[PDB]
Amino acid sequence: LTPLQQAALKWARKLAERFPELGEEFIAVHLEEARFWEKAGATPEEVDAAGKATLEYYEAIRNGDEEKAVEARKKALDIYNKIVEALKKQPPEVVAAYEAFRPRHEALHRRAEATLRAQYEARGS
């Protein structure tokens, strides 16, 4: 267990615990994403800051806080953009592997956004 994997595990487990509908699948998908971040040369602190902003982002959707959602989304994607451009210099098998994995992360992301917005519209928070 690398320090980068531990950093991704900490924030992905928090999201799964607070929103059980996402489930352990939310943790596993974010670990696989973290393996590509590690391949691209990301550091544990970059993954820790991005995971922290991701929890704040989804917590913002659950609570209807739009300003916090905008700020948290930018903080997470500022770090993600650094890693997309680093992935360009990766071997083609790594890039092709990432392009084949990303639709599964996209589908979990679409589900998580809709499910938490639904909890704000119904439960209210």
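Start at 1 and count along the sequence shown; that's the residue number.
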Of 33 to 41 and 76 to 84, the stretch whose C-alpha atoms average the higher B-factor in the entry: 76 to 84
Test of understanding: from the entry's C-alpha B-factors, which stretch has the higher mean, 105 to 113 or 18 to 26? 18 to 26
Take the CA temperature factors straight from the PDB entry and tell me which of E66, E59, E93, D48 peaks. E66
Chain thirds of CA B-factor: placement of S125: highest
For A118, return the chain-relative third of its C-alpha B-factor as stated in the PDB record: lowest, middle or highest. lowest
Using the temperature factors of the C-alpha atoms in this entry, rank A100 within its chain: lowest, middle or highest third. middle
